[PDB]
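Every number in this text was worked out from the coordinates using simple rules, so none of it is lab data. A quick note on method: Cβ atoms are made from the backbone with ideal geometry, for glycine too, and the neighbour counts reach across all protein chains shown.
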Amino acid sequence: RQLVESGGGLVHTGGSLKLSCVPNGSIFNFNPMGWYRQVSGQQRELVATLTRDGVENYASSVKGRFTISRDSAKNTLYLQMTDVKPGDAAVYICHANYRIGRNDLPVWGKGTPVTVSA
Amino acid sequence: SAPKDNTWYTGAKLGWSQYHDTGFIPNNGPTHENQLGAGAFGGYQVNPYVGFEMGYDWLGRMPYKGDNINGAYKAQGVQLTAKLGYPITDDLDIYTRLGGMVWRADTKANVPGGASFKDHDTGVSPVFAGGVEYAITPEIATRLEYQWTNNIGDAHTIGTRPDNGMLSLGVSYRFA
């Protein structure tokens, strides 16, 4: 019950969506935060990440279509998806890494389903 | 009242240990900063003013409680110090101890229902102490002292480099 996600469901091809994830305690406890996606039994694909200093990184499969952001006053991380392809349907999962000296300690959410119509 | 010239002594101590500059994990619960510390020590007294002593210290385990992240830190070490004493009375000494500690510090953290790690590091830190010592008998003396130890850790490895203060009562036997 550490990362809590909301906001998936059906989208049409070429459409748009906003996912949100609120963490137990504070954003900035983590570096980076991110989103991953998984299809049932396939690997977790990294989608996007956001550093404590606010630098952003993306997988080549979503670069320029999806965008990663946060709002500290909300304590919320967002994934904005636009130009959705049928290849973007998945369970989308919120990630959060505690960086404790040389040690990395990862946090994962149950994820939220995104489905795509033609 | 300081041990006789060219005499050995051995002792033990119990104390109130408290860590300071305790940054480690962003845990949402309490941290229990006051802990039992303990140690053994032995030394050699050169003259009424100068002695050298070595000891092992257990500095205590500090828990970092929480439901987002929780963990612990503990430290211990071996120290070597010069003891410089002034016979404030003919039965009571006041003293300082100066030297260093080779320390081992251990950390752990876990996310409830999720991942965990353990880590440890070793390094060297300065030791300063001040106290008074009373000779109960020619063979037995008691100490009350405060011991300060600096930077027990490394922020790049275990993720914390706390300081330790320790108030302690000690007892020693003299092989005069």
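Taking the criterion of being within 14 Å of chain B (Cβ to nearest Cβ), more than 10 Å from residue A:96 (Cβ to Cβ) and part of a strand (DSSP E or B), the only residue of the range A:1-21 that qualifies is A:4.
Residue count for the range A:81-101, restricted to those that are in contact with a strand residue (DSSP E or B) (Cβ under 7 Å, 6 or more places away or on another chain) and exposed (fewer than 14 other Cβ atoms within 10 Å of the Cβ): 1. Assess whether residue B:25 counts as being farther than 21 Å from residue B:165 by Cβ and among the aliphatic types (A, V, I, L, M). Yes: the conditions hold for residue B:25. On the stretch given as the range B:135-176, residues that are touching a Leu at 6+ places or on another chain (Cβ under 9 Å), closer than 15 Å to residue B:105 by Cα and of a type in the set (S, T, N, Q) total 2. Tallying residues that are of a type in the set (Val, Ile, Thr) and closer than 23 Å to residue B:117 by Cβ within the range A:44-102 yields 4. When A:47, A:39, A:55 are checked against the criterion of being closer than 12 Å to residue A:114 by Cα and without any contact (Cβ under 8 Å) to a residue 60 or more places away in the chain, A:39 stands alone in meeting it. Select from the range B:1-54 the residues that are more than 30 Å from residue A:23 (Cβ to Cβ), aliphatic (A, V, I, L, M) and in a loop (DSSP other than H, G, I, E, B) and list them in ascending order. Across the range B:1-54, the qualifying residues are B:2, B:46.
When B:140, B:158 are screened for being β-branched (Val, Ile, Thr), within 14 Å of another protein chain (Cβ to nearest Cβ) and out of contact with any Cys (no Cβ under 8 Å at 6 or more places or on another chain), only B:158 passes.
Filtered by the rule that a residue be away from chain B (no Cβ under 14 Å), part of a strand (DSSP E or B) and surrounded by 17 or more Cβ atoms within 10 Å (Cβ to Cβ), the range A:105-118 gives A:112, A:114, A:116. The strands (runs of 3 or more DSSP E) found entirely in the range A:47-104 that carry 2 or more residues being within 10 Å of the chain's Cα centre (by Cα) and within 14 Å of chain B (Cβ to nearest Cβ) are A:90-100. Residues in the range B:48-94 that are more than 14 Å from chain A (Cβ to nearest Cβ), of a type in the set (S, T, N, Q) and either crowded, with 20+ Cβ neighbours inside 10 Å or in contact with a strand residue (DSSP E or B) (Cβ under 8 Å, 6 or more places away or on another chain) (or both): B:76, B:79, B:81. When the residues of the range A:22-46 are filtered to those that are touching a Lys or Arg at 6+ places or on another chain (Cβ under 8 Å) and more than 14 Å from chain B (Cβ to nearest Cβ), which remaining residue is surrounded by the most Cβ atoms within 10 Å (Cβ to Cβ)? Checked the range A:22-46; the qualifying residue surrounded by the most Cβ atoms within 10 Å (Cβ to Cβ) is A:37. Among the residues of the range B:73-108, those identified as closer than 23 Å to residue B:52 by Cβ, over 11 Å from the mean Cα position of the chain (by Cα) and of a type in the set (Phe, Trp, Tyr) are B:86, B:95. Is it fair to say residue A:68 is surrounded by 15 or more Cβ atoms within 10 Å (Cβ to Cβ), among the β-branched types (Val, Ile, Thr) and in contact (Cβ under 8 Å) with a residue 60 or more places away in the chain? No. Taken together, B:106, B:119 contain a single residue that is within 14 Å of another protein chain (Cβ to nearest Cβ), touching a residue at least 12 places away in the same chain (Cβ under 8 Å), closer than 14 Å to residue B:77 by Cβ and of a type outside the set (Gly, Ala, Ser), which is B:106.
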